[PDB]
Each structure stands twice: as structure tokens, then as C-alpha cells.
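**Student:** Take a look at this one; I'll ask things after.
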Amino acid sequence: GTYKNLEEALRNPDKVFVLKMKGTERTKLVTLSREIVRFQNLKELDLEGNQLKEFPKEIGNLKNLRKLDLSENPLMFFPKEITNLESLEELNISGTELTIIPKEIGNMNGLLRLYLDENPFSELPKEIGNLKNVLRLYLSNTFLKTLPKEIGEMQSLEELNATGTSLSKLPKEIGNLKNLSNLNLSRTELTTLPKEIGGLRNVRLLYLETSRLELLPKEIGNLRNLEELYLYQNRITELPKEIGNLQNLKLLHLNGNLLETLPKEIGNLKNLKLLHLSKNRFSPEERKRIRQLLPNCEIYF
Amino acid sequence: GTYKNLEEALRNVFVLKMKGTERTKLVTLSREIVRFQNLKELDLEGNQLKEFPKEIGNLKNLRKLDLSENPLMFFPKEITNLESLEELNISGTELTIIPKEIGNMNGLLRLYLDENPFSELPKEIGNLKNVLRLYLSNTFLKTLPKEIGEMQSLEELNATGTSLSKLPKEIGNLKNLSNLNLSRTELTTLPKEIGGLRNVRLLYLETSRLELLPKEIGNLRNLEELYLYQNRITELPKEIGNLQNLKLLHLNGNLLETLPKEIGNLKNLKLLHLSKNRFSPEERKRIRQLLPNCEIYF
């Protein structure tokens, strides 16, 4: 490990430091010193909170760099100096004002965790699918109008986060993400899910709460690996009959929807441990039926 | 005046009515309401009211009725026959639809439909030509109806928290509109017919998704305060210099890179917010130089 380098941390006794600095309130750090290539084995480099407005060209020749964090830095444009790191495991460019994601972001292709969250960009490039080794992509609280057609080309994506985005629709190609485990579309504006949502064979946790969902598609029940489903504070009026096909589902949260009845197939949910149905329009007669259908379940109205 | 009545306040020509607290359930109203005949205000805020009898409708001399925070799942048709109701506050009651017969009232002045889960407003909402203040805050409105411009007397309109993707092209026929609050909405842009809002003094469009401002916004010569902060605005129209009476412009948190040179024509602009915007130091100097009398914040 290493720490913040003042006078390059006592000449960096031998130039083999593996970690790097951070930025606090009283550390300005407008520019980076260009003696960055010397370290030769840096695996982590953190520049959190620093007032960095540009990056030098030497950042790109450090091909031994594995994690780079440029968070909370007032860089108004994405630095293409770092896109030449063909083997970077993590890139965290969050908290930086970005109107556009650079088109050559697919040149990296060795990313594992990509954090584009808290950035004011409208669109993602078609080359976002070139990052076929990425596991976690974060797009939280960004100005995304829609996910691209090529988002299903990730082929190794395990976590996709899109909270706070202006996502009106999901692309029909989203079902090609075979390795997706965590999908987060909370606080979005999805009116409905595409029928191609059933291709997400490996999804365990699906997060759709506090969104403008009116209905659930007939093909959501093809997700036999889904365990937790959060759909609360949405505008859902009914559930499809095939919702009982969720074999492994153990948590369903349906607070604040406009539900008036539930299908009789919900009693086929043998593993459903918890069912939340409060703040929904259920007549007292049907509430007895919901309790009657699932008796092993802890159910809250 | 009056208060909450136990034993119906000692047999009571009594002028006001009750309230709802923690330990007052008050499931239903008794049908002995027609007797009072001198009610001007009637408050039922917070009562766990699930139904109304039809005897409520027989009081044609009642002018204000408040049904706030009552779990009535459907709008009571019993009250729509009160043709001379000055104020209606149906807020806090879970309502999926506003009835099409709300235009039978037509004597409303202030209508508070806010905090209700209704998807659409009926086309008879324009029949209420005497309405002054309509409150639609935090409702599930995808769009205002085409007839919203038929109100003719709407002086204050609030739609905060609504899912308004667009504003109707007929919104410019509201000649008497003074207060427009479209904060926390989802308007990508304003229609060019917004220049018909001749009487608007205060326009609230903050915390929305506005990408642009139309060219006809400068036709609002009576507009004094414009709140557009925390939007997605990338540039301002050249016609922004035509807002002669504008004295407060709030533009925090947008994506602005430059301002039109016509902003110096605003002699009455006293206060300007431009913080959290993409302004280079060269352009900040020009903006301070342009409007000299204005207190400016970057």
C-alpha cells in the first residue's frame, strides 16, 4: 500500500508504490505532476474529490494500473487519455460533469467494474457493448433517455444499476444478458417491461420500486431464478396469472400499487416467504382469500 | 363559528362543522345534516370516511366542503349536485378517476384535487369556467386535457410532482393565469403556445427535465419570476431579453454553456442565479459585465 505523496513521499524510497492519494477539503491539487510513469507497479490510484480539470498524457502509459478512481473531480469532459489502458479492471468516473460518454470507451475492453453514475450524460455509445468483460456497470442518477440496443452485447454483465435515470423504455435486447444477477431500475419512469425480459435466466434480484409501472408482461414468469422482486410505490393495477411460475421467489413487495385483486395462481408459490400488499385497494373479502391462498407466507397488509 | 359536536352540540342555524383527530374514528356521517341549512364551511379532514349518504347533496346553501385524508376510494357523486360550491378540497382521498360529471358543479372557485392517484382528468374540467385555483399536486397526471384552456378564469394552477411529459397547445388560452407551478414535473420542453399566457407573473418549472426553452417565452411581458433551476437546459433563447418585467431568474444546476447578449436588456432583472453551470471564467466576466444593476450569483 501507500499514502498521500508530499515531496513524492520521501523520493518514494524505491519507485514501487502501489496505492495513491485522495483529496480532502484543504487539498486543492489542480494539476497532477507528470512524474507518474515512474511508479511502474501502481495497481490502485485514487483522486477522490480533487479539483482536477484535465489529465496529462502520461496517465495512459501506466499499463500496470488496475483501478483508477477519478470521482468527484470537476472534469467537464471525459479524459480520453485513460481510454488507452487496455487492461484496467475498474474505472470510477462518477461525480464528474459529463455531457457525453466518449465513443472510444470500447477500446478498454478489460473493464470489470465501470461506474458512470452521477453524470449528466444523455446517451451511451453503441461501443458500450464492446466492453464484453464488464461485470458491474453503474449508471445511477444519470440523464439516460434510453439504454442502447447494444447493452445486450455485454455478455458478462452481472450487475446493472440505473436508479434515478429518465428511462421511459427498456430495449428488447436487454433479455440477451444471460449472466445478469442484479438489475436495478428503481426510481425510473418505466411504463412497462418488454416481453423480452424473460431471457434474464440468471437474475436473482430485480429492483423496480418507486417507478411508473402500470402493468407486468406475460413473460416475466419465465424468470425461474428470480428470488426477490421489489415493485413498490408504482401504479400497477393487476398481476398476470403466470406470476405463479416464479419457482424460487421468496420476497415480493407490492406496496403502494393500485391492485384490486390477485390471481389464484399465487398459491403455487411454495417458497414465497414474504408478501407485502399494504397501501393497495383490497376489499376485506379478497384479503381473506389472499391469506387463504398462501398460508406458509408471512404476509403484511 | 362552530366546533366538533358531541351529542350533536346540544341540538345546535349553526355555521361550521367538525374535524378528525387520532382517537375520533367517525366512520360515517349521520343523515341528520339537512337540518342545519346555514352551513357555509364543513371540514372532515382526517376522518376515516368510506361512504357518504345522499342527504349531503340537499344543502344548496353550503359553500365550502373539505374531505381531506379520508379513505374514500371513489369520488362521491352526492356532492356533484352542489351547483353553488365555492371550494372543494378532495385531497388525500385515494381516487383513480375524476368523474366526468364534475362539470355539473360549475360554480367552483378553488378546487383541490391534489395528492390523489388519478390518471386522467375528464374533458368536462373545462366546463368549470368560474374556477380560480386548481391544485393537481403529486397526482398521476400523464397530460393535461385539451380542455384545460377552457377554464377562462384559472388564476393559479399547480401540478407539482405530476408526470407531465408535455403541456397542451391549448394551455395558451388561459388569459387569466397568474401562477403556474410545474415544478418536479417531467416536461422536456414548453410548447410555443406558452406565449399566450398574458397574465402570468410567477412561473415555476424547477426540478424538472426541461431541455430547452421555446422561442416564444419572451412574449410573456408580465412575467416577473422564472424558476428553472435543477433542469437540463443547455442554452437560452435570444428572446429572453424581451422579458421586461422579469426581476428574478433562477438557473441553478443546468447544463448552460453561454448566455445570449440580449440578457443585458433586462433593466428590471435584480437577482440572477447561475451557480452549478458550465460557465468558463471568460464567459462569467461577460455575463457580470452585461447586466450591471443585477446582483448575480455564480
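Identifiers for the C-alpha cells are assigned positionally: chains receive A, B, ... in sequence, residues are indexed from 1 per chain, and ligands are indexed from 1 in the order shown.
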Which polymer residues have any atom within 6 Å of an atom of residue A:117, counting only C-alpha atoms, with same-chain residues fewer than 5 positions away left out, as a list in words?
**Tutor:** residues 94, 138, 139 and 140 of chain A
**Student:** Pick out each residue of stretch 191-261 of chain B that DSSP on the backbone tags as strand (DSSP E or B); I need them as a list in words.
**Tutor:**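 DSSP-assigned strand (DSSP E or B) residues in stretch 191-261 of chain B: residues 202, 203, 204, 225, 226, 227, 248, 249 and 250 of chain B.
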**Student:** DSSP on the backbone: what in stretch 177-247 of chain B comes out helix (DSSP H, G or I), as an MDAnalysis selection string?
**Tutor:** chainID B and resid 192:196 215:219 238:242
**Student:** Using only C-alpha atoms, which chain B residues lie at most 9 Å away from chain A, written as JSON, numbers by chain?
**Tutor:** {"B": [73, 96, 117, 140, 163, 209, 232, 255, 278]}
**Student:** Next, the residues of the selection above should be written as a PDB file, in the first residue's frame with N, CA and C atoms.
**Tutor:**
ATOM      1  N   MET B  73     -62.583   5.513  -1.678  1.00  0.00           N
ATOM      2  CA  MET B  73     -61.854   5.017  -2.843  1.00  0.00           C
ATOM      3  C   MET B  73     -62.397   5.584  -4.145  1.00  0.00           C
ATOM      4  N   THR B  96     -58.866   7.044  -8.240  1.00  0.00           N
ATOM      5  CA  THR B  96     -58.303   6.620  -9.511  1.00  0.00           C
ATOM      6  C   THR B  96     -58.851   7.411 -10.681  1.00  0.00           C
ATOM      7  N   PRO B 117     -54.368   9.617  -6.661  1.00  0.00           N
ATOM      8  CA  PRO B 117     -53.735   8.803  -7.706  1.00  0.00           C
ATOM      9  C   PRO B 117     -54.531   8.724  -8.998  1.00  0.00           C
ATOM     10  N   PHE B 140     -51.122  11.462 -10.492  1.00  0.00           N
ATOM     11  CA  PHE B 140     -50.584  10.642 -11.584  1.00  0.00           C
ATOM     12  C   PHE B 140     -51.080  11.132 -12.946  1.00  0.00           C
ATOM     13  N   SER B 163     -46.574  13.610 -13.478  1.00  0.00           N
ATOM     14  CA  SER B 163     -45.762  13.020 -14.540  1.00  0.00           C
ATOM     15  C   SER B 163     -46.112  13.634 -15.899  1.00  0.00           C
ATOM     16  N   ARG B 209     -37.341  18.259 -16.155  1.00  0.00           N
ATOM     17  CA  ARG B 209     -36.456  17.735 -17.199  1.00  0.00           C
ATOM     18  C   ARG B 209     -36.436  18.626 -18.437  1.00  0.00           C
ATOM     19  N   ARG B 232     -32.362  20.556 -17.200  1.00  0.00           N
ATOM     20  CA  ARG B 232     -31.354  20.088 -18.145  1.00  0.00           C
ATOM     21  C   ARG B 232     -31.157  21.067 -19.297  1.00  0.00           C
ATOM     22  N   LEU B 255     -27.201  22.734 -17.645  1.00  0.00           N
ATOM     23  CA  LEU B 255     -26.017  22.470 -18.449  1.00  0.00           C
ATOM     24  C   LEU B 255     -25.614  23.661 -19.324  1.00  0.00           C
ATOM     25  N   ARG B 278     -22.052  25.295 -16.456  1.00  0.00           N
ATOM     26  CA  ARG B 278     -20.786  25.188 -17.177  1.00  0.00           C
ATOM     27  C   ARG B 278     -20.445  26.557 -17.767  1.00  0.00           C
TER      28      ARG B 278
END
**Student:** Using only C-alpha atoms, which residues sit within 9 Å of residue B:248 once same-chain residues fewer than 4 positions away are excluded, as a PyMOL selection string?
**Tutor:** chain B and resi 224-227+268-273
**Student:** Just want the 8 Å neighbourhood of residue B:62, counted on only C-alpha atoms, with same-chain residues fewer than 6 positions away dropped. Output as a PyMOL selection string.
**Tutor:** chain B and resi 37-41+82+84-85
**Student:** If you keep N, CA and C atoms, can you produce a file of those selected residues as an mmCIF file, in the first residue's frame?
**Tutor:**
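Once written, out_16.cif looks like this:
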data_model
loop_
_atom_site.group_PDB
_atom_site.id
_atom_site.type_symbol
_atom_site.label_atom_id
_atom_site.label_comp_id
_atom_site.auth_asym_id
_atom_site.auth_seq_id
_atom_site.Cartn_x
_atom_site.Cartn_y
_atom_site.Cartn_z
ATOM 1 N N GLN B 37 -78.917 23.916 7.497
ATOM 2 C CA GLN B 37 -79.422 24.866 6.494
ATOM 3 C C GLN B 37 -78.693 26.220 6.497
ATOM 4 N N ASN B 38 -77.635 26.380 7.302
ATOM 5 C CA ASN B 38 -76.866 27.611 7.429
ATOM 6 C C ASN B 38 -75.372 27.303 7.365
ATOM 7 N N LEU B 39 -75.016 26.110 6.898
ATOM 8 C CA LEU B 39 -73.614 25.739 6.773
ATOM 9 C C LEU B 39 -72.941 26.537 5.661
ATOM 10 N N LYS B 40 -71.847 27.222 5.994
ATOM 11 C CA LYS B 40 -71.004 27.846 4.984
ATOM 12 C C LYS B 40 -69.696 27.107 4.782
ATOM 13 N N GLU B 41 -69.185 26.467 5.836
ATOM 14 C CA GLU B 41 -67.980 25.651 5.802
ATOM 15 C C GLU B 41 -68.256 24.325 6.492
ATOM 16 N N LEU B 82 -74.066 19.863 -5.836
ATOM 17 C CA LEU B 82 -73.961 21.176 -5.199
ATOM 18 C C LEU B 82 -73.450 22.165 -6.242
ATOM 19 N N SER B 84 -73.575 25.307 -6.326
ATOM 20 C CA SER B 84 -73.034 26.569 -5.839
ATOM 21 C C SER B 84 -72.068 26.306 -4.693
ATOM 22 N N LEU B 85 -71.050 25.498 -4.978
ATOM 23 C CA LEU B 85 -69.971 25.186 -4.049
ATOM 24 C C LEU B 85 -68.777 26.057 -4.411
#
**Student:** Would you work out the distance separating atom CA of residue B:284 from atom CA of residue B:258, expressed in Å to one decimal?
**Tutor:**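 Spanning atom CA of residue B:284 to atom CA of residue B:258 is a straight-line distance of 8.9 Å.
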**Student:** In Å to one decimal, how far is atom CA of residue A:233 from atom CA of residue A:203?
**Tutor:**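 Computing the Euclidean distance for atom CA of residue A:203 and atom CA of residue A:233 yields 21.8 Å.
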**Student:** When you count only C-alpha atoms, which of these residues is closest to residue A:167: A:198, A:213, A:131, A:291?
**Tutor:**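 Under the stated criterion, the closest residue is A:213.
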